[PDB]
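Q: The structure that follows is given in the form of structure tokens.
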Amino acid sequence: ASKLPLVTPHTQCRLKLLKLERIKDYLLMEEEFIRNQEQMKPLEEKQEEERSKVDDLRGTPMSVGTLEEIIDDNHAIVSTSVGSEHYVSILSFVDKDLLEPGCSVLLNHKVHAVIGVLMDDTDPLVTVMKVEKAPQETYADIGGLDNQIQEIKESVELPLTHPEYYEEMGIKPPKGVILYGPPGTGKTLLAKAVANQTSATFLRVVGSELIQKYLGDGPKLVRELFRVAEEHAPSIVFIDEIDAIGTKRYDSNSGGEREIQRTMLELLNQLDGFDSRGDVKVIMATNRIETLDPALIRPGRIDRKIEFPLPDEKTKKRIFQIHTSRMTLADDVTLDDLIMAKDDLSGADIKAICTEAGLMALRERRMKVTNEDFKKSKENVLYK
Amino acid sequence: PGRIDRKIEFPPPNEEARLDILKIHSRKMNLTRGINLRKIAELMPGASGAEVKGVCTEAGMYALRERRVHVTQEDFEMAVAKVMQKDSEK
Amino acid sequence: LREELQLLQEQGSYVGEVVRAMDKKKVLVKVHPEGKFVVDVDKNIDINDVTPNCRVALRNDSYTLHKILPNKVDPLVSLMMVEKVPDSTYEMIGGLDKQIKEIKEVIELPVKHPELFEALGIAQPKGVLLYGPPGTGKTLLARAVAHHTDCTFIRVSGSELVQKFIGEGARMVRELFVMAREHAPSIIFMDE
Amino acid sequence: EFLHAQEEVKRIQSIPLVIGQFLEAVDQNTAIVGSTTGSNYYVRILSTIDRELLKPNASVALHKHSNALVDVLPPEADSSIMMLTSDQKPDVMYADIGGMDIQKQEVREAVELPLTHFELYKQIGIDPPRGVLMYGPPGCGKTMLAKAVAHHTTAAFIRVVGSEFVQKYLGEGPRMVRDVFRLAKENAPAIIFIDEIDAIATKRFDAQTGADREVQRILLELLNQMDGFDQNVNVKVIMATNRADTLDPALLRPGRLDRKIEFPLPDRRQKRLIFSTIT
Amino acid sequence: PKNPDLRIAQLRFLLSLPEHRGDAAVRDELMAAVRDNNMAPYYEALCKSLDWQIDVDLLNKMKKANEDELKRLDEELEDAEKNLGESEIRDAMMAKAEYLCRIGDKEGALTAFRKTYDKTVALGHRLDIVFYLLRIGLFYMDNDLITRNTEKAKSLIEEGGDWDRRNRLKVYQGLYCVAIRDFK
Amino acid sequence: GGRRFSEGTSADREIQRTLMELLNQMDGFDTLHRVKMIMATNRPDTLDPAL
Ligand SMILES: Nc1ncnc2c1ncn2[C@@H]1O[C@H](COP(=O)(O)OP(=O)(O)OP(=O)(O)O)[C@@H](O)[C@H]1O
Ligand SMILES: Nc1ncnc2c1ncn2[C@@H]1O[C@H](COP(=O)(O)OP(=O)(O)OP(=O)(O)O)[C@@H](O)[C@H]1O
Ligand SMILES: Nc1ncnc2c1ncn2[C@@H]1O[C@H](COP(=O)(O)OP(=O)(O)O)[C@@H](O)[C@H]1O
Ligand SMILES: [Mg+2]
Ligand SMILES: [Mg+2]
């Protein structure tokens with residue numbers, strides 16, 4: 001286990017032949033030395049004799065306690081499950097490295113002495129915020145942007161996959177990325193494509209669910225979000241609809257607007273605190289960009305600012321090609337009449353027409369979609 | 001428009017639809033032969049589908065307060081005039 | 001009969017709650033309000049028979065596993081038992097024939113026949129909005145559709161007696177999904 | 001020789017006996033009880049007990065050391081007992097309540113008329129109401145009308161104040177709930193009256209204090225125990241409050257509370273009837 | 001359907017047992033027999049009747065009409081399963097088994113009623129099936145098959161009030177208790 | 001005394017239980033006889049209308 005990290009010839013050289021035949025000697029000499037221990041000092045099996053000596057030391061009732069401090073000369077103050085805490089001693093088979101204050105431990109039943117530590121069963125909010133599998137199709141599903149698709153790879157993907165281009169330039173990659181535009185133009189859609197591609201752990205939270213009902217519970221949730229993001233890996237934090245922290249007021253929140261503010265001051269810390277940050281990228285998305293605090297959008301916390309426009313009439317035709325790809329489209333229809341139906345129909349409007357027109361076919365058990373399906377589709381989707 | 005897949009409107013019931021709600025709810029009442037529920041459903045000018053059980057459960061109280069064991073057709077028309085009175089209250 | 005004068009002098013057995021097992025024939029059991037205990041199992045008990053979140057018997061002198069104690073409740077079951085939705089069916093629907101046809105195309109069909117949309121190549125729908133004046137049967141129609149295709153009809157109201165079965169604090173609402181993806185063909189319902 | 005040991009086994013029942021409560025049985029002759037020390041146990045039986053005297057929620061007897069089933073008991077509660085009926089009626093007649101023509105008539109139809117004339121509700125089939133919730137502004141005869149019902153009744157009347165379930169010790173309260181309805185079961189076709197449910201049934205909770213974790217377990221008992229009825233027992237629950245805002249709609253579901261009575265404030269027509277009765 | 005079906009059973013009594021009165025009863029029953037697709041219940045009633053030598057073309061136009069309703073079930077059972085409702089194969093012929101109860105004998109009824117008895121999850125269709133089992137149990141005088149399903153009827157009414165399913169039911173024991181000599 | 005609340009903090013949960021015990025022992029199901037009560041306040045603005 002981690003015996004030798006050197007592989008660098010990568011050929012049929014004598015050096016790769018010599019190095020591993022050196023390691024062949026260090027292994028067998030280690031083997032033949034430790035072989036002579038049980039030959040001259042048998043004295044136990046060592047497979048279970050020292051084990052059953054431990055297993056007869058620690059009792060069959062094994063109470064679970066909780067650390068709260070450590071004094072280094074193998075005794076520490078531990079909390080029982082009731083609340084009455086003790087000052088027991090700590091053993092030597094206890095591998096004194098995984099002991100943090102608050103970690104679950106194993107005590108004795110008689111003298112409550114610290115026998116072992118316990119693996120934590122975590123967590124019912126880490127698994128809430130951690131995206132398990134890749135969501136959907138690739139960047140080829142998007143179509144039409146082609147300018148900001150380059151921009152997001154520039155800040156997130158290319159820093160991860162090619163960490164050579166920045167070093168030869170002697171530079172650090174840009175920190176923050178915000179995505180803004182009219183509603184339904186594909187802000188959330190592009191973040192799915194990043195979650196498709198990347199190898200980093202991907203964390204997602206809506207901006208609406210940052211606000212809480214108890215005092216101080218809001219800023220506590222932000223402090224433990226970036227705790228989780230740092231303690232895994234290179235990671236991506238995606239915050240969606242962050243204008244919703246300020247626009248809507250809810251009566252569940254006990255503090256008024258001056259509790260929203262204290263939540264935003266904690267988030268304003270976590271992006272550009274004085275603590276050593278690490279490898280955590282932040283992606284943010286909104287549609288009301290003029291509402292939120294400009295202290296949060298300054299360079300240093302967010303570097304790249306990406307605007308999404310409404311789809312153009314030659315890029316609209318690309319979108320109809322995408323969402324009507326795998327459907328049995330009857331040749332009655334002409335897509336160009338559907339393009340300029342609304343002068344400013346979003347990309348979300350196109351998928352809303354294409355799905356609803358398919359639902360009109362299943363009312364009549366058909367398999368192909370005719371023209372009058374789309375004729376009564378836009379009456380149903382758009383005009384109400 | 002991409003968010004909600006289908007929106008469904010529920011109208012208040014008309015004369016043909018106020019009738020069968022009475023028909024399904026009157027299954028567990030003890031009825032008297034010869035009632036003409038069609039006349040009863042026309043007395044309610046479309047309240048909702050919730051006052052129908054508001055009437056038919058209360059029609060048993062009229063037959064109980066005069067100690068009967070069968071619900072008669074004059075108990076319902078006595079019951080409509082009380083439930084639609086609270087329609088005329090606020 | 002004479003043995004009962006002697007055997008009843010034996011002390012009682014504790015009852016517990018298995019969280020989950022680990023290596024070398026040991027499990028993790030909590031007692032009433034008493035702390036979590038790491039105990040061993042007896043020879044007459046299989047490990048894979050020990051379900052997580054299942055009661056057991058437990059001796060008290062050595063805390064040895066005794067016998068599996070059955071099936072207490074699901075917390076999803078106790079949640080619906082608190083709310084007591086008025087269980088309905090199609091046979092008590094009065095004059096809503098066109099809405100039943102609409103609600104089946106969105107919910108009933110993409111369970112019994114998910115292949116039928118791949119033949120059209122459109123995404124299967126997810127969300128339904130019902131509207132109209134109050135008292136026109138929004139709840140009974142939604143309860144019936146879950147009843148007739150074997151769905152776990154879950155309604156959330158944002159209460160706090162409900163709260164102790166979802167989680168201890170539930171800083172999100174999204175912790176509801178852990179019970180929901182365990183009763184996989186489920187339906188979430190929300191009031192006004 | 002068998003009859004010698006047949007009586008010999010009952011030495012275990014002698015004096016120093018503790019009290020638990022039956023929960024269920026695994027099998028023949030072995031069961032699960034919960035002690036009044038709070039902790040549950042997996043216990044053995046004594047064979048002379050008729051098993052078919054068990055489980056509504058049966059108060060049992062347990063050995064003080066070996067802790068197994070010993071004996072089944074007549075029911076019991078400390079709070080309250082049974083409204084001692086001699087010097088306990090608050091002697092208000094119906095005639096003292098002037099100008100309450102709707103509500104005196106309508107509380108009759110849900111409380112004591114299904115108490116006596118039970119079969120008409122069975123024969124017509126109109127599903128008699130399980131409990132009733134009465135409310136309104138303070139000083140409208142909420143407590144007064146309950147006095148007059150408890151004077152002209154023929155059934156047992158159980159009268160509790162709804163701020164006494166919060167005992168100091170843990171588990172006392174949920175025991176205090178479940179033996180009220182057990183006492184309303186064993187005694188009679190009785191009537192439960194609970195006042196100031198705002199002391200128990202609120203909306204917001206907080207699972208960090210302990211004083212609020214207990215109250216959460218208070219409500220889940222009576223919400224459970226009102227579901228343990230089967231239309232056959234004549235146990236009616238009258239409940240009166242001052243603020244209907246601060247109540248959980250989990251408590252107002254059909255099956256638990258279907259009848260709601262407001263006591264509006266009288267204006268002129270019911271006003272002059274009050275002046276006649278008082279003066 | 002089984003709703004005009006008891007008058008047939010009285011008219012078969014009107015045919016045979018009045019011995020001299022055997023002419024207008026074999027006319028008006030045949031007025032109902034060789035229409036409305038009746039095939040099975042009258043072969044021996046033809047043997048109790050006269051010759052009626054050419055009934056073969058009278059049968060062939062009706063056993064074909066038996067098949068035409070039979071094959072449109074056979075043209076329904078594959079379209080109702082491709083896009084399934086609530087087992088619309090069964091749900092179609094849960095109404096058309098009572099036709100096949102009238103047209104065929106009990107066998108096409110008994111395997112399709114017990115089929116659709118496991119279909120519906122509310123008793124409002126179940127308990128109407130049981131009334132159909134009772135009414136054929138009177139024609140073939142199945143005095144042992146009525147003993148089962150009457151309890152299986154009566155076990156269903158208690159949830160709900162179901163007085164049109166109870167007061168109608170009291171008529172069926174009333175005509176059965178007077179069929180047997182039990183007048184009190 | 002207080003008024004009541006729409007239940008802001010967790011402290012005044014169990015004060016209103018202490019308050020509703022007081023209101024019942026005055027005039028609920030008891031001949032409140034020979035027991036007189038005298039109360040004083042600087043401002044009665046913050047008192048429960050049930051009191
Ligand atoms: N340019 C586009 N190319 C392909 N699909 C698109 C495009 N724009 C929108 N869509 C479709 O619209 C749907 C919704 O897009 P998305 O929600 O990402 O827009 P949005 O701006 O994030 O919405 P909101 O403003 O509500 O957050 C997506 O499922 C996507 O399929
Ligand atoms: N006919 C009447 N109607 C209403 N109130 C009356 C009548 N006769 C007397 N009262 C007065 O109303 C007072 C209040 O009685 P009661 O306590 O039942 O009211 P309440 O609604 O319970 O008020 P609270 O809930 O605040 O105690 C009685 O003390 C009595 O003095
Ligand atoms: N169309 C209907 N058919 C039968 N009963 C109905 C109908 N509409 C309402 N009800 C009655 O209304 C009650 C259900 O309330 P509901 O109307 O579903 O609430 P909502 O206002 O949310 O729709 C049931 O008790 C039911 O008896
Ligand atoms: Mg979006
Ligand atoms: Mg009062």
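Please note that chains go A, B, ... in the order of the structure tokens, that every chain numbers its residues from 1, and that ligands are numbered from 1 in the order shown.
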Compute the set of chain E residues within 10 Å of chain D, using only C-alpha atoms, and express it as a PyMOL selection string.
A: chain E and resi 160-163
Q: Show me, as a list in words, the residues of chain E whose atoms get within 12 Å of chain A, using only C-alpha atoms for the distance check.
A: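 Per the criterion, chain E yields residues 79, 80, 82, 83 and 84 of chain E.
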Q: Excluding residue 121 of chain E and any residue of its chain fewer than 6 positions from it, enumerate the residues within 12 Å of it, using only C-alpha atoms, and give them as a PyMOL selection string.
A: (chain C and resi 87-91+144+147-150) or (chain E and resi 86+127)
Q: Please identify all residues of chain C having at least one atom at most 6 Å from any atom of chain A, considering only C-alpha atoms, and return them as a ChimeraX atom specification.
A: /C:35-39,63,120-122
Q: May I have the selected residues written with N, CA, C and O atoms, as a short mmCIF file (atom, residue, chain, number, x, y, z; two decimals), in the first residue's frame?
A:
data_model
loop_
_atom_site.label_atom_id
_atom_site.label_comp_id
_atom_site.auth_asym_id
_atom_site.auth_seq_id
_atom_site.Cartn_x
_atom_site.Cartn_y
_atom_site.Cartn_z
N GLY C 35 -29.15 5.03 25.50
CA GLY C 35 -28.17 5.23 24.46
C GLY C 35 -28.04 4.05 23.51
O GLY C 35 -28.57 2.96 23.72
N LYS C 36 -27.34 4.32 22.42
CA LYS C 36 -27.10 3.30 21.42
C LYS C 36 -26.09 2.30 21.96
O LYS C 36 -25.10 2.68 22.58
N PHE C 37 -26.35 1.02 21.73
CA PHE C 37 -25.49 -0.05 22.20
C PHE C 37 -24.98 -0.86 21.03
O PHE C 37 -25.73 -1.16 20.10
N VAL C 38 -23.71 -1.23 21.09
CA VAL C 38 -23.13 -2.17 20.14
C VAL C 38 -23.15 -3.53 20.79
O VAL C 38 -22.39 -3.80 21.73
N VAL C 39 -24.03 -4.40 20.31
CA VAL C 39 -24.20 -5.72 20.88
C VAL C 39 -23.94 -6.76 19.81
O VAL C 39 -23.87 -6.45 18.61
N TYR C 63 -26.56 -8.15 27.35
CA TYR C 63 -27.12 -7.50 26.17
C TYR C 63 -26.87 -8.33 24.92
O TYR C 63 -26.20 -7.91 23.98
N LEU C 120 -43.59 8.21 -28.95
CA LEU C 120 -43.72 9.59 -29.39
C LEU C 120 -42.47 10.41 -29.12
O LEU C 120 -42.34 11.49 -29.70
N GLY C 121 -41.57 9.93 -28.27
CA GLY C 121 -40.31 10.61 -28.04
C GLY C 121 -40.44 11.95 -27.35
O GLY C 121 -39.62 12.85 -27.58
N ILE C 122 -41.46 12.13 -26.52
CA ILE C 122 -41.61 13.34 -25.73
C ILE C 122 -41.35 12.99 -24.28
O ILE C 122 -41.43 11.83 -23.86
#
Q: Considering only C-alpha atoms, extract the chain D residues located within 9 Å of chain C and return them as a ChimeraX atom specification.
A: /D:2,5-6,8-12,26,32,38-47,63,65-68,203-207,216,219-220,223-224,248-251,253-255
Q: As a quick test: using only C-alpha atoms and all ligand atoms, which residues lie no more than 6 Å away from ligand 2? Give them as a list in words.
A: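 Protein and nucleic-acid residues within 6 Å of ligand 2: residues 97, 98, 138, 139, 140, 141, 142, 143, 144, 242 and 274 of chain D; 50 of chain F.
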Q: Kindly work out which residues sit at most 12 Å from ligand 4, using only C-alpha atoms and all ligand atoms, and give the list as a PyMOL selection string.
A: (chain A and resi 179-192+206+239-242+284-287+308+346-348) or (chain B and resi 1-3)
Q: Create the file for the chosen residues now, containing N, CA, C and O atoms and written as a CSV table (one decimal), in the first residue's frame.
A:
chain,number,residue,atom,x,y,z
A,179,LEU,N,-25.1,33.9,-14.1
A,179,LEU,CA,-25.9,33.8,-15.3
A,179,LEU,C,-27.2,34.5,-15.2
A,179,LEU,O,-27.9,34.2,-14.3
A,180,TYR,N,-27.4,35.4,-16.1
A,180,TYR,CA,-28.6,36.3,-15.9
A,180,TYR,C,-29.3,36.5,-17.3
A,180,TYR,O,-28.6,36.5,-18.3
A,181,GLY,N,-30.6,36.6,-17.3
A,181,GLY,CA,-31.3,36.9,-18.5
A,181,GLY,C,-32.8,36.8,-18.3
A,181,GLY,O,-33.3,36.7,-17.1
A,182,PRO,N,-33.6,36.9,-19.3
A,182,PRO,CA,-35.0,36.7,-19.2
A,182,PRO,C,-35.4,35.3,-18.8
A,182,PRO,O,-34.6,34.4,-19.0
A,183,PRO,N,-36.6,35.1,-18.2
A,183,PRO,CA,-37.0,33.8,-17.8
A,183,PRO,C,-37.2,32.8,-18.9
A,183,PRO,O,-37.9,33.1,-19.9
A,184,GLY,N,-36.7,31.6,-18.7
A,184,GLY,CA,-36.9,30.5,-19.7
A,184,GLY,C,-36.0,30.5,-20.9
A,184,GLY,O,-36.4,30.0,-21.9
A,185,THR,N,-34.8,31.1,-20.7
A,185,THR,CA,-33.9,31.1,-21.9
A,185,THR,C,-32.8,30.1,-21.8
A,185,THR,O,-31.9,30.0,-22.6
A,186,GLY,N,-32.8,29.3,-20.7
A,186,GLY,CA,-31.8,28.2,-20.6
A,186,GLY,C,-30.7,28.4,-19.6
A,186,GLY,O,-29.6,27.9,-19.8
A,187,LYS,N,-31.0,29.1,-18.5
A,187,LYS,CA,-30.0,29.3,-17.5
A,187,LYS,C,-29.8,28.0,-16.7
A,187,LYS,O,-28.7,27.5,-16.5
A,188,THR,N,-30.9,27.4,-16.2
A,188,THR,CA,-30.8,26.1,-15.5
A,188,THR,C,-30.4,25.0,-16.5
A,188,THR,O,-29.8,24.0,-16.0
A,189,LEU,N,-30.7,25.1,-17.8
A,189,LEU,CA,-30.4,24.1,-18.7
A,189,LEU,C,-28.9,23.9,-18.9
A,189,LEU,O,-28.4,22.8,-19.2
A,190,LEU,N,-28.1,25.0,-18.9
A,190,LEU,CA,-26.7,24.9,-19.1
A,190,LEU,C,-26.0,24.3,-17.9
A,190,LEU,O,-25.0,23.6,-18.1
A,191,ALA,N,-26.5,24.5,-16.7
A,191,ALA,CA,-25.9,23.9,-15.5
A,191,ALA,C,-26.1,22.4,-15.5
A,191,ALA,O,-25.3,21.7,-14.9
A,192,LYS,N,-27.1,21.9,-16.2
A,192,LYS,CA,-27.2,20.4,-16.3
A,192,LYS,C,-26.1,19.9,-17.2
A,192,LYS,O,-25.6,18.8,-17.0
A,206,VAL,N,-31.4,25.9,-4.2
A,206,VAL,CA,-32.2,27.0,-4.6
A,206,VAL,C,-32.0,28.1,-3.7
A,206,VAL,O,-31.7,27.9,-2.5
A,239,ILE,N,-26.0,27.8,-7.2
A,239,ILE,CA,-27.0,28.5,-6.4
A,239,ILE,C,-28.0,29.0,-7.4
A,239,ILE,O,-27.7,29.9,-8.2
A,240,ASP,N,-29.2,28.5,-7.4
A,240,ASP,CA,-30.2,28.9,-8.4
A,240,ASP,C,-31.3,29.8,-7.8
A,240,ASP,O,-31.7,29.6,-6.6
A,241,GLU,N,-31.6,30.8,-8.5
A,241,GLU,CA,-32.7,31.8,-8.2
A,241,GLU,C,-32.3,32.5,-6.9
A,241,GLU,O,-33.0,32.4,-5.9
A,242,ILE,N,-31.3,33.3,-6.9
A,242,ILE,CA,-30.8,34.0,-5.7
A,242,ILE,C,-31.4,35.4,-5.6
A,242,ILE,O,-31.2,36.0,-4.5
A,284,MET,N,-23.9,30.9,-10.2
A,284,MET,CA,-25.1,31.5,-9.7
A,284,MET,C,-26.0,31.9,-10.9
A,284,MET,O,-25.5,32.2,-12.0
A,285,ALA,N,-27.3,31.9,-10.6
A,285,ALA,CA,-28.2,32.1,-11.7
A,285,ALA,C,-29.4,32.9,-11.2
A,285,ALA,O,-29.9,32.6,-10.1
A,286,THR,N,-29.9,33.8,-12.0
A,286,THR,CA,-31.0,34.7,-11.6
A,286,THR,C,-31.6,35.2,-12.9
A,286,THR,O,-31.0,35.1,-13.9
A,287,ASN,N,-32.8,35.9,-12.7
A,287,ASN,CA,-33.4,36.6,-13.8
A,287,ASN,C,-33.7,38.1,-13.4
A,287,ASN,O,-33.9,38.9,-14.3
A,308,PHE,N,-27.8,36.2,-21.1
A,308,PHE,CA,-28.5,35.3,-22.1
A,308,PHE,C,-29.5,36.2,-22.8
A,308,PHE,O,-30.4,36.8,-22.1
A,346,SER,N,-39.6,32.2,-26.0
A,346,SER,CA,-38.4,31.7,-25.4
A,346,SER,C,-38.1,30.3,-25.9
A,346,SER,O,-38.8,29.7,-26.7
A,347,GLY,N,-37.0,29.7,-25.5
A,347,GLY,CA,-36.7,28.3,-25.7
A,347,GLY,C,-37.6,27.4,-24.9
A,347,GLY,O,-37.9,26.3,-25.3
A,348,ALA,N,-38.1,27.9,-23.8
A,348,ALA,CA,-39.0,27.1,-23.0
A,348,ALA,C,-40.4,27.0,-23.6
A,348,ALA,O,-41.1,26.1,-23.4
B,1,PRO,N,-44.3,28.7,-19.2
B,1,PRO,CA,-45.0,27.7,-19.9
B,1,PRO,C,-44.4,26.3,-19.9
B,1,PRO,O,-45.2,25.3,-20.1
B,2,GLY,N,-43.1,26.1,-19.6
B,2,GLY,CA,-42.6,24.8,-19.5
B,2,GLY,C,-42.8,24.1,-18.2
B,2,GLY,O,-42.4,23.0,-18.0
B,3,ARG,N,-43.3,24.9,-17.2
B,3,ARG,CA,-43.2,24.4,-15.8
B,3,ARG,C,-44.4,23.5,-15.4
B,3,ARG,O,-44.1,22.4,-14.9
Q: Write down as a PyMOL selection string the residues belonging to segment 6-71 of chain E that are assigned alpha helix (DSSP H) by DSSP computed on the backbone.
A: chain E and resi 6-16+25-33+43-48+56-71
Q: Show me, as a JSON list (two decimals) with C-alpha atoms, in the first residue's frame, the residues that have an atom within 6 Å of residue 48 of chain F when counting only C-alpha atoms, minus same-chain residues fewer than 3 positions from it.
A:
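Result file selection15.json:
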[["chain", "number", "residue", "atom", "x", "y", "z"],
["F", 2, "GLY", "CA", -50.05, 39.06, 28.47],
["F", 3, "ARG", "CA", -52.49, 38.98, 25.68],
["F", 51, "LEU", "CA", -59.00, 37.99, 31.70]]
Q: Pull out every residue of chain C sitting within 7 Å of chain B, counting only C-alpha atoms, and send them as number ranges by chain.
A: C: 92, 94-95, 125-132, 135-137
Q: Save the residues we just selected, N, CA, C and O atoms, as a PDB file, in the first residue's frame?
A:
ATOM      1  N   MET C  92     -67.558   7.167  -6.426  1.00  0.00           N
ATOM      2  CA  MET C  92     -68.187   8.258  -5.701  1.00  0.00           C
ATOM      3  C   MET C  92     -67.900   9.600  -6.353  1.00  0.00           C
ATOM      4  O   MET C  92     -67.929  10.639  -5.694  1.00  0.00           O
ATOM      5  N   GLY C  94     -69.175  12.388  -8.809  1.00  0.00           N
ATOM      6  CA  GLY C  94     -70.404  12.802  -9.437  1.00  0.00           C
ATOM      7  C   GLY C  94     -70.229  13.793 -10.563  1.00  0.00           C
ATOM      8  O   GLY C  94     -70.032  14.984 -10.312  1.00  0.00           O
ATOM      9  N   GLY C  95     -70.320  13.319 -11.802  1.00  0.00           N
ATOM     10  CA  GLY C  95     -70.336  14.189 -12.960  1.00  0.00           C
ATOM     11  C   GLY C  95     -69.047  14.935 -13.229  1.00  0.00           C
ATOM     12  O   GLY C  95     -69.048  16.163 -13.319  1.00  0.00           O
ATOM     13  N   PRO C 125     -44.745  13.858 -18.451  1.00  0.00           N
ATOM     14  CA  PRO C 125     -45.086  15.013 -17.622  1.00  0.00           C
ATOM     15  C   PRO C 125     -44.948  14.714 -16.140  1.00  0.00           C
ATOM     16  O   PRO C 125     -44.908  13.561 -15.707  1.00  0.00           O
ATOM     17  N   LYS C 126     -44.850  15.788 -15.360  1.00  0.00           N
ATOM     18  CA  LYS C 126     -44.512  15.663 -13.950  1.00  0.00           C
ATOM     19  C   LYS C 126     -45.482  16.379 -13.020  1.00  0.00           C
ATOM     20  O   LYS C 126     -45.792  15.869 -11.941  1.00  0.00           O
ATOM     21  N   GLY C 127     -45.968  17.546 -13.406  1.00  0.00           N
ATOM     22  CA  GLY C 127     -46.727  18.404 -12.506  1.00  0.00           C
ATOM     23  C   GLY C 127     -48.103  18.725 -13.048  1.00  0.00           C
ATOM     24  O   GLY C 127     -48.261  18.995 -14.237  1.00  0.00           O
ATOM     25  N   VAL C 128     -49.096  18.691 -12.165  1.00  0.00           N
ATOM     26  CA  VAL C 128     -50.488  18.931 -12.516  1.00  0.00           C
ATOM     27  C   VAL C 128     -51.018  20.021 -11.602  1.00  0.00           C
ATOM     28  O   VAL C 128     -50.809  19.967 -10.387  1.00  0.00           O
ATOM     29  N   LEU C 129     -51.706  21.000 -12.173  1.00  0.00           N
ATOM     30  CA  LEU C 129     -52.378  22.029 -11.400  1.00  0.00           C
ATOM     31  C   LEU C 129     -53.882  21.877 -11.541  1.00  0.00           C
ATOM     32  O   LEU C 129     -54.402  21.860 -12.658  1.00  0.00           O
ATOM     33  N   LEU C 130     -54.576  21.782 -10.416  1.00  0.00           N
ATOM     34  CA  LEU C 130     -56.024  21.664 -10.388  1.00  0.00           C
ATOM     35  C   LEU C 130     -56.621  22.954  -9.856  1.00  0.00           C
ATOM     36  O   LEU C 130     -56.132  23.502  -8.867  1.00  0.00           O
ATOM     37  N   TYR C 131     -57.686  23.438 -10.490  1.00  0.00           N
ATOM     38  CA  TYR C 131     -58.259  24.683 -10.008  1.00  0.00           C
ATOM     39  C   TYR C 131     -59.751  24.747 -10.263  1.00  0.00           C
ATOM     40  O   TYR C 131     -60.299  24.020 -11.093  1.00  0.00           O
ATOM     41  N   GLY C 132     -60.393  25.655  -9.534  1.00  0.00           N
ATOM     42  CA  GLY C 132     -61.830  25.777  -9.487  1.00  0.00           C
ATOM     43  C   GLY C 132     -62.254  26.300  -8.130  1.00  0.00           C
ATOM     44  O   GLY C 132     -61.420  26.496  -7.248  1.00  0.00           O
ATOM     45  N   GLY C 135     -64.665  23.192  -2.725  1.00  0.00           N
ATOM     46  CA  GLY C 135     -65.761  22.271  -2.542  1.00  0.00           C
ATOM     47  C   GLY C 135     -66.240  21.601  -3.802  1.00  0.00           C
ATOM     48  O   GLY C 135     -67.365  21.095  -3.824  1.00  0.00           O
ATOM     49  N   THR C 136     -65.436  21.584  -4.861  1.00  0.00           N
ATOM     50  CA  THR C 136     -65.842  20.955  -6.107  1.00  0.00           C
ATOM     51  C   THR C 136     -65.071  19.676  -6.382  1.00  0.00           C
ATOM     52  O   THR C 136     -65.062  19.194  -7.514  1.00  0.00           O
ATOM     53  N   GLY C 137     -64.411  19.126  -5.373  1.00  0.00           N
ATOM     54  CA  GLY C 137     -63.855  17.801  -5.505  1.00  0.00           C
ATOM     55  C   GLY C 137     -62.433  17.724  -6.007  1.00  0.00           C
ATOM     56  O   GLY C 137     -62.085  16.813  -6.760  1.00  0.00           O
TER      57      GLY C 137
END
Q: Quick one: residues within 7 Å of residue 203 of chain A, only C-alpha atoms, excluding same-chain residues fewer than 3 positions away - as a list in words?
A: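 So the residues in contact are residues 129, 130, 131, 236, 237 and 238 of chain A.
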Q: Go ahead and save the residues from that selection, with C-alpha atoms, as an mmCIF file, in the first residue's frame.
A:
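Full text of part13.cif as output:
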data_model
loop_
_atom_site.group_PDB
_atom_site.id
_atom_site.type_symbol
_atom_site.label_atom_id
_atom_site.label_comp_id
_atom_site.auth_asym_id
_atom_site.auth_seq_id
_atom_site.Cartn_x
_atom_site.Cartn_y
_atom_site.Cartn_z
ATOM 1 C CA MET A 129 -27.764 18.665 -1.627
ATOM 2 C CA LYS A 130 -25.451 16.276 -3.493
ATOM 3 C CA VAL A 131 -26.407 15.402 -7.062
ATOM 4 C CA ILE A 236 -19.000 22.978 -7.840
ATOM 5 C CA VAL A 237 -21.612 24.901 -5.872
ATOM 6 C CA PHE A 238 -24.663 25.892 -7.900
#
Q: Determine, counting only C-alpha atoms, which protein, DNA and RNA residues have an atom within 12 Å of an atom of residue 210 of chain D; residues of the same chain fewer than 3 positions away are not included. Present the result as a PyMOL selection string.
A: (chain D and resi 166+168-170+205-207+213-217) or (chain F and resi 10-11+14)
